>>> print(open('upload15.txt').read())   # compact mmCIF, N, CA and C atoms
# COMPACT_ATOMS: atom_id res chain seq x y z
N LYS M 8 0.82 -1.21 0.00
CA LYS M 8 0.00 0.00 0.00
C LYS M 8 0.86 1.27 0.00
N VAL M 9 1.95 1.28 0.79
CA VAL M 9 2.88 2.40 0.89
C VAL M 9 3.75 2.50 -0.37
N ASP M 10 3.69 3.66 -1.07
CA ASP M 10 4.45 3.91 -2.30
C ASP M 10 5.22 5.23 -2.20
N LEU M 11 6.56 5.14 -2.27
CA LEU M 11 7.42 6.30 -2.14
C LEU M 11 8.49 6.37 -3.23
N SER M 12 8.54 7.51 -3.94
CA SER M 12 9.55 7.78 -4.96
C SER M 12 10.90 7.97 -4.25
N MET M 13 12.00 7.96 -5.01
CA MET M 13 13.35 8.13 -4.45
C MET M 13 13.45 9.37 -3.57
N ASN M 14 12.96 10.52 -4.08
CA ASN M 14 12.95 11.81 -3.40
C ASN M 14 12.15 11.78 -2.11
N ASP M 15 11.01 11.04 -2.07
CA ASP M 15 10.24 10.90 -0.83
C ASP M 15 10.97 9.99 0.15
N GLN M 16 11.70 8.99 -0.36
CA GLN M 16 12.46 8.07 0.49
C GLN M 16 13.63 8.84 1.09
N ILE M 17 14.22 9.77 0.31
CA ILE M 17 15.31 10.65 0.76
C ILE M 17 14.75 11.55 1.89
N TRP M 18 13.56 12.15 1.68
CA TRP M 18 12.93 13.01 2.69
C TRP M 18 12.78 12.27 4.03
N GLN M 19 12.30 10.98 4.00
CA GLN M 19 12.11 10.19 5.23
C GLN M 19 13.41 9.78 5.93
N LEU M 20 14.48 9.59 5.14
CA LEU M 20 15.82 9.32 5.68
C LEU M 20 16.27 10.58 6.45
N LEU M 21 16.07 11.73 5.85
CA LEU M 21 16.43 13.03 6.41
C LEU M 21 15.60 13.31 7.66
N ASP M 22 14.31 12.94 7.63
CA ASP M 22 13.42 13.06 8.78
C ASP M 22 13.90 12.13 9.90
N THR M 23 14.25 10.86 9.59
CA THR M 23 14.80 9.94 10.59
C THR M 23 16.06 10.56 11.21
N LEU M 24 16.99 11.03 10.35
CA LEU M 24 18.23 11.67 10.77
C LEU M 24 17.98 12.84 11.69
N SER M 25 17.12 13.79 11.27
CA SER M 25 16.80 15.00 12.05
C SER M 25 16.19 14.73 13.42
N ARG M 26 15.39 13.64 13.55
CA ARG M 26 14.74 13.26 14.82
C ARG M 26 15.71 12.73 15.86
N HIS M 27 16.92 12.33 15.45
CA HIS M 27 17.95 11.91 16.40
C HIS M 27 18.26 13.13 17.28
N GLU M 28 18.26 12.97 18.61
CA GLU M 28 18.52 14.08 19.55
C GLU M 28 19.78 14.93 19.24
N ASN M 29 20.87 14.29 18.76
CA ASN M 29 22.16 14.92 18.41
C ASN M 29 22.25 15.50 17.00
N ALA M 30 21.14 15.47 16.27
CA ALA M 30 21.04 16.03 14.92
C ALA M 30 20.77 17.52 14.94
N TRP M 31 20.44 18.07 16.13
CA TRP M 31 20.14 19.48 16.29
C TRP M 31 21.12 20.48 15.62
N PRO M 32 22.48 20.32 15.63
CA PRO M 32 23.34 21.32 14.95
C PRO M 32 23.29 21.25 13.42
N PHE M 33 22.55 20.27 12.86
CA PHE M 33 22.48 20.05 11.41
C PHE M 33 21.08 20.33 10.83
N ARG M 34 20.07 20.61 11.68
CA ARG M 34 18.70 20.82 11.22
C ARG M 34 18.51 22.02 10.34
N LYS M 35 19.26 23.11 10.60
CA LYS M 35 19.12 24.35 9.83
C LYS M 35 20.48 24.92 9.45
N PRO M 36 20.59 25.94 8.55
CA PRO M 36 21.92 26.53 8.28
C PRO M 36 22.52 27.20 9.51
N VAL M 37 23.86 27.30 9.55
CA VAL M 37 24.58 27.92 10.68
C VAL M 37 24.30 29.42 10.71
N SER M 38 23.92 29.94 11.90
CA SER M 38 23.68 31.36 12.11
C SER M 38 25.01 32.10 12.37
N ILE M 39 25.08 33.38 11.97
CA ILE M 39 26.24 34.25 12.21
C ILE M 39 26.57 34.34 13.72
N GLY M 40 25.53 34.46 14.56
CA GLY M 40 25.69 34.53 16.00
C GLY M 40 26.47 33.38 16.60
N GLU M 41 26.11 32.14 16.22
CA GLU M 41 26.76 30.92 16.71
C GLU M 41 28.19 30.75 16.19
N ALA M 42 28.43 31.11 14.91
CA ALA M 42 29.75 30.97 14.28
C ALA M 42 29.91 32.01 13.17
N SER M 43 30.33 33.24 13.54
CA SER M 43 30.49 34.35 12.59
C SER M 43 31.51 34.07 11.46
N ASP M 44 32.47 33.15 11.66
CA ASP M 44 33.46 32.82 10.62
C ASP M 44 33.04 31.66 9.69
N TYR M 45 31.92 30.97 10.00
CA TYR M 45 31.47 29.77 9.28
C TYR M 45 31.57 29.76 7.75
N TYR M 46 30.94 30.74 7.11
CA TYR M 46 30.88 30.83 5.65
C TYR M 46 32.17 31.33 4.98
N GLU M 47 33.20 31.68 5.79
CA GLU M 47 34.53 32.09 5.30
C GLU M 47 35.34 30.80 5.11
N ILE M 48 34.98 29.76 5.87
CA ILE M 48 35.64 28.46 5.90
C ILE M 48 34.90 27.45 5.03
N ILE M 49 33.56 27.36 5.18
CA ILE M 49 32.75 26.37 4.46
C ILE M 49 32.12 27.02 3.24
N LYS M 50 32.64 26.66 2.05
CA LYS M 50 32.23 27.25 0.78
C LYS M 50 31.11 26.53 0.04
N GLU M 51 30.77 25.31 0.50
CA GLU M 51 29.68 24.50 -0.04
C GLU M 51 28.85 24.02 1.17
N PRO M 52 28.20 24.94 1.92
CA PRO M 52 27.42 24.49 3.07
C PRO M 52 26.14 23.76 2.65
N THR M 53 25.61 22.96 3.57
CA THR M 53 24.35 22.25 3.44
C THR M 53 23.85 21.93 4.84
N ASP M 54 22.60 21.49 4.94
CA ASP M 54 21.93 21.17 6.20
C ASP M 54 20.68 20.35 5.89
N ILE M 55 20.03 19.83 6.94
CA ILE M 55 18.83 18.97 6.78
C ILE M 55 17.64 19.66 6.11
N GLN M 56 17.38 20.95 6.46
CA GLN M 56 16.27 21.73 5.92
C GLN M 56 16.47 21.95 4.42
N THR M 57 17.72 22.25 4.00
CA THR M 57 18.10 22.46 2.59
C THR M 57 17.86 21.15 1.81
N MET M 58 18.37 20.01 2.31
CA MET M 58 18.20 18.70 1.66
C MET M 58 16.73 18.24 1.63
N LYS M 59 15.96 18.51 2.72
CA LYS M 59 14.52 18.19 2.82
C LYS M 59 13.76 19.00 1.78
N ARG M 60 14.15 20.29 1.56
CA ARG M 60 13.54 21.19 0.57
C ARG M 60 13.78 20.64 -0.83
N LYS M 61 15.04 20.27 -1.12
CA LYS M 61 15.46 19.68 -2.39
C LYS M 61 14.66 18.38 -2.67
N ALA M 62 14.50 17.53 -1.64
CA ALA M 62 13.78 16.25 -1.74
C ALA M 62 12.29 16.45 -2.01
N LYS M 63 11.66 17.40 -1.30
CA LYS M 63 10.24 17.75 -1.42
C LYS M 63 9.92 18.29 -2.81
N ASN M 64 10.86 19.06 -3.40
CA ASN M 64 10.75 19.62 -4.75
C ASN M 64 11.19 18.63 -5.83
N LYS M 65 11.50 17.37 -5.43
CA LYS M 65 11.88 16.25 -6.31
C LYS M 65 13.10 16.59 -7.19
N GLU M 66 14.07 17.31 -6.59
CA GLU M 66 15.26 17.79 -7.27
C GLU M 66 16.44 16.81 -7.34
N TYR M 67 16.43 15.71 -6.56
CA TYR M 67 17.53 14.75 -6.71
C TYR M 67 17.22 13.85 -7.88
N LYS M 68 18.10 13.87 -8.89
CA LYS M 68 18.02 13.08 -10.12
C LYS M 68 18.56 11.67 -9.88
N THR M 69 19.62 11.55 -9.05
CA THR M 69 20.23 10.26 -8.71
C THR M 69 20.45 10.17 -7.21
N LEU M 70 20.64 8.94 -6.70
CA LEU M 70 20.97 8.74 -5.28
C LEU M 70 22.37 9.36 -4.97
N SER M 71 23.35 9.21 -5.90
CA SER M 71 24.72 9.74 -5.75
C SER M 71 24.76 11.23 -5.41
N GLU M 72 23.92 12.03 -6.08
CA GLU M 72 23.76 13.47 -5.87
C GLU M 72 23.42 13.74 -4.40
N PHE M 73 22.46 12.97 -3.82
CA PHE M 73 22.07 13.15 -2.43
C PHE M 73 23.15 12.64 -1.46
N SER M 74 23.67 11.42 -1.69
CA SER M 74 24.69 10.82 -0.82
C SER M 74 25.97 11.66 -0.74
N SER M 75 26.35 12.37 -1.84
CA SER M 75 27.51 13.27 -1.86
C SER M 75 27.25 14.46 -0.95
N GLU M 76 26.04 15.04 -1.03
CA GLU M 76 25.60 16.18 -0.25
C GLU M 76 25.49 15.81 1.23
N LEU M 77 24.87 14.66 1.54
CA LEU M 77 24.74 14.20 2.92
C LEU M 77 26.13 13.96 3.52
N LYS M 78 27.06 13.34 2.75
CA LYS M 78 28.43 13.11 3.24
C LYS M 78 29.11 14.45 3.50
N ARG M 79 28.97 15.41 2.55
CA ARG M 79 29.48 16.78 2.62
C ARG M 79 28.95 17.48 3.89
N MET M 80 27.67 17.25 4.28
CA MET M 80 27.17 17.85 5.52
C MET M 80 28.07 17.44 6.73
N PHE M 81 28.39 16.15 6.84
CA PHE M 81 29.23 15.64 7.94
C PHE M 81 30.71 16.07 7.82
N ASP M 82 31.21 16.10 6.57
CA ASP M 82 32.57 16.52 6.25
C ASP M 82 32.80 18.00 6.59
N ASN M 83 31.84 18.88 6.25
CA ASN M 83 31.85 20.33 6.54
C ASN M 83 31.96 20.56 8.04
N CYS M 84 31.14 19.83 8.84
CA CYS M 84 31.13 19.94 10.30
C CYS M 84 32.51 19.66 10.87
N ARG M 85 33.09 18.50 10.46
CA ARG M 85 34.40 18.01 10.89
C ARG M 85 35.54 18.90 10.40
N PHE M 86 35.41 19.51 9.19
CA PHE M 86 36.43 20.43 8.68
C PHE M 86 36.40 21.72 9.52
N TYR M 87 35.22 22.36 9.67
CA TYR M 87 35.07 23.60 10.45
C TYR M 87 35.57 23.44 11.90
N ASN M 88 35.25 22.29 12.51
CA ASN M 88 35.61 21.92 13.89
C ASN M 88 36.97 21.24 14.03
N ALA M 89 37.74 21.14 12.90
CA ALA M 89 39.09 20.57 12.84
C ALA M 89 39.15 19.16 13.46
N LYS M 90 38.11 18.32 13.21
CA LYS M 90 37.98 16.94 13.73
C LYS M 90 37.89 16.87 15.28
N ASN M 91 37.55 18.00 15.92
CA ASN M 91 37.39 18.11 17.36
C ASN M 91 35.99 18.64 17.74
N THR M 92 35.77 18.96 19.04
CA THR M 92 34.52 19.45 19.65
C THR M 92 33.45 18.35 19.71
N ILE M 93 32.30 18.68 20.33
CA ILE M 93 31.13 17.80 20.43
C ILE M 93 30.52 17.55 19.05
N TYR M 94 30.63 18.54 18.13
CA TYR M 94 30.09 18.47 16.78
C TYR M 94 30.74 17.40 15.92
N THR M 95 32.04 17.09 16.14
CA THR M 95 32.71 16.02 15.39
C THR M 95 32.17 14.68 15.90
N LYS M 96 31.96 14.59 17.22
CA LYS M 96 31.44 13.40 17.87
C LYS M 96 30.02 13.10 17.37
N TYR M 97 29.17 14.16 17.24
CA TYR M 97 27.82 13.99 16.73
C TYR M 97 27.88 13.57 15.26
N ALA M 98 28.68 14.29 14.44
CA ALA M 98 28.86 14.01 13.01
C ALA M 98 29.20 12.55 12.72
N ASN M 99 30.13 11.95 13.51
CA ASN M 99 30.59 10.56 13.40
C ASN M 99 29.46 9.59 13.82
N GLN M 100 28.81 9.90 14.95
CA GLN M 100 27.68 9.14 15.49
C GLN M 100 26.52 9.12 14.50
N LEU M 101 26.13 10.29 13.95
CA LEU M 101 24.98 10.38 13.06
C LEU M 101 25.22 9.77 11.70
N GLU M 102 26.44 9.88 11.16
CA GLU M 102 26.77 9.31 9.85
C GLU M 102 26.69 7.79 9.93
N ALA M 103 27.24 7.19 11.01
CA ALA M 103 27.20 5.75 11.25
C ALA M 103 25.76 5.30 11.47
N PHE M 104 24.95 6.13 12.18
CA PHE M 104 23.54 5.83 12.46
C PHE M 104 22.69 5.79 11.17
N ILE M 105 22.88 6.78 10.26
CA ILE M 105 22.08 6.92 9.03
C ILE M 105 22.55 6.15 7.78
N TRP M 106 23.84 5.77 7.72
CA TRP M 106 24.42 5.02 6.58
C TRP M 106 23.66 3.72 6.25
N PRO M 107 23.21 2.88 7.23
CA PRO M 107 22.40 1.70 6.88
C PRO M 107 21.13 2.07 6.08
N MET M 108 20.40 3.13 6.48
CA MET M 108 19.17 3.57 5.79
C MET M 108 19.49 4.07 4.37
N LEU M 109 20.65 4.72 4.18
CA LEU M 109 21.08 5.24 2.87
C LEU M 109 21.23 4.13 1.82
N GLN M 110 21.60 2.91 2.25
CA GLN M 110 21.77 1.72 1.37
C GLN M 110 20.44 1.25 0.80
N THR M 111 19.32 1.52 1.52
CA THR M 111 17.97 1.06 1.13
C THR M 111 17.26 1.97 0.11
N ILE M 112 17.80 3.17 -0.15
CA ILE M 112 17.16 4.12 -1.07
C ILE M 112 17.19 3.60 -2.50
N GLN M 113 16.00 3.40 -3.09
CA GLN M 113 15.81 2.89 -4.44
C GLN M 113 15.65 4.01 -5.46
N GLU M 114 16.46 3.98 -6.54
CA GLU M 114 16.40 4.96 -7.63
C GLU M 114 15.20 4.66 -8.53
>>> encode(input="upload15.txt", output="structure tokens")
Amino acid sequence: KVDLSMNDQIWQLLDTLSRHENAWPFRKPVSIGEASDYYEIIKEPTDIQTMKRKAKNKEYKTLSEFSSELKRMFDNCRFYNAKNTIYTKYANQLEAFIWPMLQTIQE
């Protein structure tokens, strides 16, 4: 009975990811207040709301396009934080948590 296109399956993966308690620093774009130097360092930013918007508008043509962006979200965090802070710990935890679901996405 349940029928979901690739983009809707991507949206639900992102929803699962966002609902994790430690996903909070990735739900929306980084604010100037929290990190005024952020966009001087991260030249290809992304976040859950951006990817959810892309998914809802059925903009992912392939799974690779989304998986590169989702990996980039975790990579950006770890680069900005120089592989340190609580954010690197969350990034590692969440990537390992969501990677099994990423394998199930059907094109």
>>> residues_near_point(input="upload15.txt", point="(30.3, 14.2, 13.5)", cutoff="8 Å", atoms="only N, CA and C atoms", output="ChimeraX atom specification")
/M:80-82,84-85,93-102
>>> select_by_dssp(input="upload15.txt", residues="range 17-104 of chain M", states="helix (DSSP H, G or I)", output="PyMOL selection string")
chain M and resi 17-26+28-33+45-48+55-63+70-87+92-104
>>> residues_around(input="upload15.txt", residues="residue 33 in chain M", least_positions_apart="5", cutoff="7 Å", atoms="all atoms listed in the file", output="MDAnalysis selection string")
chainID M and resid 25 53:56
>>> atom_distance(input="upload15.txt", atom1="CA of residue 32 in chain M", atom2="CA of residue 79 in chain M")
14.5 Å
>>> atom_distance(input="upload15.txt", atom1="CA of residue 44 in chain M", atom2="CA of residue 57 in chain M")
20.2 Å
>>> residues_around(input="upload15.txt", residues="range 59-76 of chain M", least_positions_apart="3", cutoff="12 Å", atoms="only C-alpha atoms", output="ChimeraX atom specification")
/M:11-25,33-35,51-56,79-83,102,105-106,108-114
>>> closest_residue(input="upload15.txt", among="M:58, M:42, M:103, M:48", to="residue 86 in chain M", atoms="only C-alpha atoms")
M:48
>>> closest_residue(input="upload15.txt", among="M:9, M:49, M:77, M:107", to="residue 37 in chain M", atoms="only C-alpha atoms")
M:49
>>> atom_distance(input="upload15.txt", atom1="CA of residue 45 in chain M", atom2="CA of residue 88 in chain M")
10.0 Å
>>> decode(input="upload15.txt", residues="range 26-105 of chain M", atoms="C-alpha atoms", output="JSON list (two decimals), in the first residue's frame")
[["chain", "number", "residue", "atom", "x", "y", "z"],
["M", 26, "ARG", "CA", 14.74, 13.26, 14.82],
["M", 27, "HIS", "CA", 17.95, 11.91, 16.40],
["M", 28, "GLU", "CA", 18.52, 14.08, 19.55],
["M", 29, "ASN", "CA", 22.16, 14.92, 18.41],
["M", 30, "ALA", "CA", 21.04, 16.03, 14.92],
["M", 31, "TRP", "CA", 20.14, 19.48, 16.29],
["M", 32, "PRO", "CA", 23.34, 21.32, 14.95],
["M", 33, "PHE", "CA", 22.48, 20.05, 11.41],
["M", 34, "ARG", "CA", 18.70, 20.82, 11.22],
["M", 35, "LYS", "CA", 19.12, 24.35, 9.83],
["M", 36, "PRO", "CA", 21.92, 26.53, 8.28],
["M", 37, "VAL", "CA", 24.58, 27.92, 10.68],
["M", 38, "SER", "CA", 23.68, 31.36, 12.11],
["M", 39, "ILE", "CA", 26.24, 34.25, 12.21],
["M", 40, "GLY", "CA", 25.69, 34.53, 16.00],
["M", 41, "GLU", "CA", 26.76, 30.92, 16.71],
["M", 42, "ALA", "CA", 29.75, 30.97, 14.28],
["M", 43, "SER", "CA", 30.49, 34.35, 12.59],
["M", 44, "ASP", "CA", 33.46, 32.82, 10.62],
["M", 45, "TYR", "CA", 31.47, 29.77, 9.28],
["M", 46, "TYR", "CA", 30.88, 30.83, 5.65],
["M", 47, "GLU", "CA", 34.53, 32.09, 5.30],
["M", 48, "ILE", "CA", 35.64, 28.46, 5.90],
["M", 49, "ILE", "CA", 32.75, 26.37, 4.46],
["M", 50, "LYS", "CA", 32.23, 27.25, 0.78],
["M", 51, "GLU", "CA", 29.68, 24.50, -0.04],
["M", 52, "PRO", "CA", 27.42, 24.49, 3.07],
["M", 53, "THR", "CA", 24.35, 22.25, 3.44],
["M", 54, "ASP", "CA", 21.93, 21.17, 6.20],
["M", 55, "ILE", "CA", 18.83, 18.97, 6.78],
["M", 56, "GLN", "CA", 16.27, 21.73, 5.92],
["M", 57, "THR", "CA", 18.10, 22.46, 2.59],
["M", 58, "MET", "CA", 18.20, 18.70, 1.66],
["M", 59, "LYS", "CA", 14.52, 18.19, 2.82],
["M", 60, "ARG", "CA", 13.54, 21.19, 0.57],
["M", 61, "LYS", "CA", 15.46, 19.68, -2.39],
["M", 62, "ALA", "CA", 13.78, 16.25, -1.74],
["M", 63, "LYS", "CA", 10.24, 17.75, -1.42],
["M", 64, "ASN", "CA", 10.75, 19.62, -4.75],
["M", 65, "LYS", "CA", 11.88, 16.25, -6.31],
["M", 66, "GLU", "CA", 15.26, 17.79, -7.27],
["M", 67, "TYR", "CA", 17.53, 14.75, -6.71],
["M", 68, "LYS", "CA", 18.02, 13.08, -10.12],
["M", 69, "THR", "CA", 20.23, 10.26, -8.71],
["M", 70, "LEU", "CA", 20.97, 8.74, -5.28],
["M", 71, "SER", "CA", 24.72, 9.74, -5.75],
["M", 72, "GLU", "CA", 23.76, 13.47, -5.87],
["M", 73, "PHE", "CA", 22.07, 13.15, -2.43],
["M", 74, "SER", "CA", 24.69, 10.82, -0.82],
["M", 75, "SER", "CA", 27.51, 13.27, -1.86],
["M", 76, "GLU", "CA", 25.60, 16.18, -0.25],
["M", 77, "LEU", "CA", 24.74, 14.20, 2.92],
["M", 78, "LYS", "CA", 28.43, 13.11, 3.24],
["M", 79, "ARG", "CA", 29.48, 16.78, 2.62],
["M", 80, "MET", "CA", 27.17, 17.85, 5.52],
["M", 81, "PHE", "CA", 29.23, 15.64, 7.94],
["M", 82, "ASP", "CA", 32.57, 16.52, 6.25],
["M", 83, "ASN", "CA", 31.85, 20.33, 6.54],
["M", 84, "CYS", "CA", 31.13, 19.94, 10.30],
["M", 85, "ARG", "CA", 34.40, 18.01, 10.89],
["M", 86, "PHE", "CA", 36.43, 20.43, 8.68],
["M", 87, "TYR", "CA", 35.07, 23.60, 10.45],
["M", 88, "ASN", "CA", 35.61, 21.92, 13.89],
["M", 89, "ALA", "CA", 39.09, 20.57, 12.84],
["M", 90, "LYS", "CA", 37.98, 16.94, 13.73],
["M", 91, "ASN", "CA", 37.39, 18.11, 17.36],
["M", 92, "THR", "CA", 34.52, 19.45, 19.65],
["M", 93, "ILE", "CA", 31.13, 17.80, 20.43],
["M", 94, "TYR", "CA", 30.09, 18.47, 16.78],
["M", 95, "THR", "CA", 32.71, 16.02, 15.39],
["M", 96, "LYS", "CA", 31.44, 13.40, 17.87],
["M", 97, "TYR", "CA", 27.82, 13.99, 16.73],
["M", 98, "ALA", "CA", 28.86, 14.01, 13.01],
["M", 99, "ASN", "CA", 30.59, 10.56, 13.40],
["M", 100, "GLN", "CA", 27.68, 9.14, 15.49],
["M", 101, "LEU", "CA", 24.98, 10.38, 13.06],
["M", 102, "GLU", "CA", 26.77, 9.31, 9.85],
["M", 103, "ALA", "CA", 27.20, 5.75, 11.25],
["M", 104, "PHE", "CA", 23.54, 5.83, 12.46],
["M", 105, "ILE", "CA", 22.08, 6.92, 9.03]]
